[PDB]
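Since every read-out is calculated from the coordinates, none of them should be taken as a lab result. Positions of Cβ are generated from backbone atoms using ideal geometry, with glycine treated the same way; all protein chains shown enter the neighbour counts.
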Amino acid sequence: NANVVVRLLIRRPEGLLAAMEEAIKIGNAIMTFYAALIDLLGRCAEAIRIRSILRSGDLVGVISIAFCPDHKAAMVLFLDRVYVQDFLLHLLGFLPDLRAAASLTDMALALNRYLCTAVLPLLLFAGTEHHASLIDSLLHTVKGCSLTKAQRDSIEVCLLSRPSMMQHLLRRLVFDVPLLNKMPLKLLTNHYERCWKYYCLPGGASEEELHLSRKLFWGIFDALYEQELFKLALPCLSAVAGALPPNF
Amino acid sequence: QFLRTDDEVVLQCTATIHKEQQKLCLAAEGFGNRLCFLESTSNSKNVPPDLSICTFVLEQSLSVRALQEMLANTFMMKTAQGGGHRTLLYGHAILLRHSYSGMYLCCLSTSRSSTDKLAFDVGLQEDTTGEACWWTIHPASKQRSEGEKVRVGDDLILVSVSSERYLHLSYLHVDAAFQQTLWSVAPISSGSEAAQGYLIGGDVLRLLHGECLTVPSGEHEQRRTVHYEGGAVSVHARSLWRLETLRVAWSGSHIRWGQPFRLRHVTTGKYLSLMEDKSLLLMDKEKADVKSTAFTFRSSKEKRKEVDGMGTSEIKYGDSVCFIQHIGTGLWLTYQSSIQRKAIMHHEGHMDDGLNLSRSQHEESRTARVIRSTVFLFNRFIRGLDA
């Protein structure tokens, strides 16, 4: 169907990107009306002569306001369809988003909405700031369905890689652990043994934080099923600290 | 009546700029530029345009199913493929080459106009193995059909394969887009045309005497005189005269006694535009009129009309006694009295006016057109530096 209709569509789509973000000042008519066009266009996975025509490099709406419930996720899926692993973070865009994680209602539903677009980047200094915005959105929720969905993507995005900022975010779990032992972030506290083991290889203040983390692990050991589940991984956090040391 | 492979036509529209019937054919540069361009052939009796820069030969028409054989190829595309003549059907992908420079017609991945989002431009590559060079045929005629035989004198939409964009004509631009242009197909020479050593239209040749002719050397009168000589002037470039008839279609037919003769120097590009008062003058297409360029051929000093085909292979080259007569004057080319003896159009003068000929070959003409275009670039760029 798409294979036909885009060949049909060389005739009249109706400077189109010239006035693309024009009437945001000006009744959501043309904005949503072309949002439909771009979302429909972004539906194409030899026959990939199309891809140039699929790419007629239109990247203004990416950093349009990087409504904003509606349009930006459509741009997300279109860019994911038609269009290195660490280049894309200049497109924050999550700079309004993960920083806007407490604006008290289009916002309140874009909140639980854009968790899909937050998982979607599962596909060298400012990544610490990206993990900062991510932690701000995280503890802003730590909407729980797609939040628990994004909880899985957060750890793999954390171990996705500078790498000094990656070890910084690996002990960011210990940074938030000062309020731990909550039950929400207990799964992240359990899985943080993997982040410490990820820091453990080339990485083995910091050892002082490791001693404070072992002290917090012993304090969680006497803090007394989900906590009883995460306590076995807090022993794995102590072992990974052994392999490592060889609303703010 | 119809078209096969190895067939030479052109592509024209009499397109409009404010109700113009502007007989614009697509002409390609080659040998120094990879872009093509429009070419008005309307006032060809007073600005005769070039044809050798806009003639093309049907290299290979094939089925669309046959193209994926080349996809399965990773040679010589089965060296025929098939026959034979492979008589033209609509709904075929075709290979097309320039005649002269011989570049193969392809589109471009470029946007060298408006913008106008991602439509495409027209190129001339030499890698035929790429479907920018491949071109699916569509008659824009429900009165006709697709798959049936392609006649002479039809009108078509030719669409790409890679871009699959139609042949777009823009304003004056030629491009590939989601809109189309109809295309006349004027038959020129087919095929074969017909035998070795014959007066066949479009030819460039030498004008021998038994002895030959000459143009002066360089260092410029801009060679605007014409004489006789022995010498290696055949071996020189200056003895080269691209014949053109007034007939736009079938211009590469056989030449016969007294066809209309738009005659043109090659190294300059100037036409032999006869000063009608006394003798010979040289200027470009602007002077080239029925008073200035158009002559006839007569087998005797005392002594063509209608052919939609190859015609009669009239004269060979060495066996040629052609009393050239200018139509506008009735004069005949005799001489005066370094053997650089000046020839003159005259009533009689001398009785040696049925002169002798010898055709050229491709490489030498090619280098000649190169030289012409070369100095055309060169001297204008020289004053580019001077500015």
- Anisotropy class of segment B:179-243 from Cα gyration tensor, a/c 1.5 cut: oblate
- Query: Farthest toward the dipole's positive end in segment B:322-373, which of B:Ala343, B:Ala368, B:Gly328, given Cβ charges of +1 (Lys, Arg) and -1 (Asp, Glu) about the Cα centre?
  - Reply: B:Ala368
- Message: Placing +1 on the Cβ of each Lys and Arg and -1 on the Cβ of each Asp and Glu in the protein assembly as shown, which of B:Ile53, B:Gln1, A:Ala73 has its Cα farthest towards the positive end of the resulting dipole?
- Response: B:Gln1
- Give me the distance in nm between label points sitting 7 Å out from Cα along the Cα-to-Cβ direction at B:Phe376 and A:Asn1, one decimal. 5.5 nm
- Could you give the distance between the Cα centres of segment A:128-163 and segment B:135-159, to the whole Å? 61 Å
- When the dipole is taken about the Cα centre of chain B, and only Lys, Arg (+1) and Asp, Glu (-1) are charged at their Cβ, what size is it in debye, to the nearest 20? 500 debye
- If you project the alpha carbons of chain A onto their three principal axes, what span does each projection cover, largest first, in Å? 71, 43, 32
- Message: Between B:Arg304 and B:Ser192, what's the calculated FRET efficiency when r is the beta-carbon distance and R0 is 30 Å? Round to 0.05.
- Response: 0.90
- Under 1.5 on a/c is rounded, so check that first for segment A:27-98, then, if it is not, pick prolate when a/b is larger than b/c and oblate when it is not; a ≥ b ≥ c are the square roots of the alpha carbon gyration tensor eigenvalues. oblate
- Item | Helix-only CD estimate at 222 nm, as mean residue ellipticity for the protein assembly as shown, using -39500 (n - 2.57) per DSSP H run (n ≥ 4) | -8500 deg cm²/dmol
- Charged-residue dipole, Cβ positions (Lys, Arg, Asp, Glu), chain A about Cα centre, Debye nearest 20: 540 debye
- Query: What nm value, rounded to one decimal, do you get for the distance between B:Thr367 and A:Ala239 when each label is placed 7 Å out toward the C-beta?
  - Reply: 8.4 nm
- Item | Cβ-derived FRET efficiency at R0 41 Å, B:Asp116 paired with B:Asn43, nearest 0.05 | 0.85
- Message: Quick check: pseudo-label points 7 Å beyond the Cα along Cα→Cβ at A:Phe87 and B:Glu20, how many nm apart are they?
- Response: 4.4 nm
- Query: Where the centre of each part is set by its Cα atoms, how far does segment B:2-43 sit from segment A:186-240, in angstrom?
  - Reply: 78 Å
- Mind listing the Cα extents of chain B along all three principal axes, in Å, largest one first? 68, 54, 46
- Task: State to the nearest 20 debye the size of the charge dipole of the protein assembly as shown about its Cα centre, where the only charges are +1 on K and R beta carbons and -1 on D and E beta carbons.
- Result: 600 debye
- Task: Would you kindly compute the Cα radius of gyration of segment B:325-387 and its largest Cα-Cα separation (Dmax), both in Å?
- Result: 18.7, 53
- Task: Find out how many positive minus negative residues lie around A:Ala73, taking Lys and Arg as positive, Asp and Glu as negative, among other residues whose Cβ is under 10 Å from that of A:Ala73.
- Result: 0
- Message: Given axes a ≥ b ≥ c from the Cα gyration tensor, I'd like to know whether segment B:287-337 is rounded (a/c under 1.5), prolate (a/b larger than b/c) or oblate.
- Response: oblate
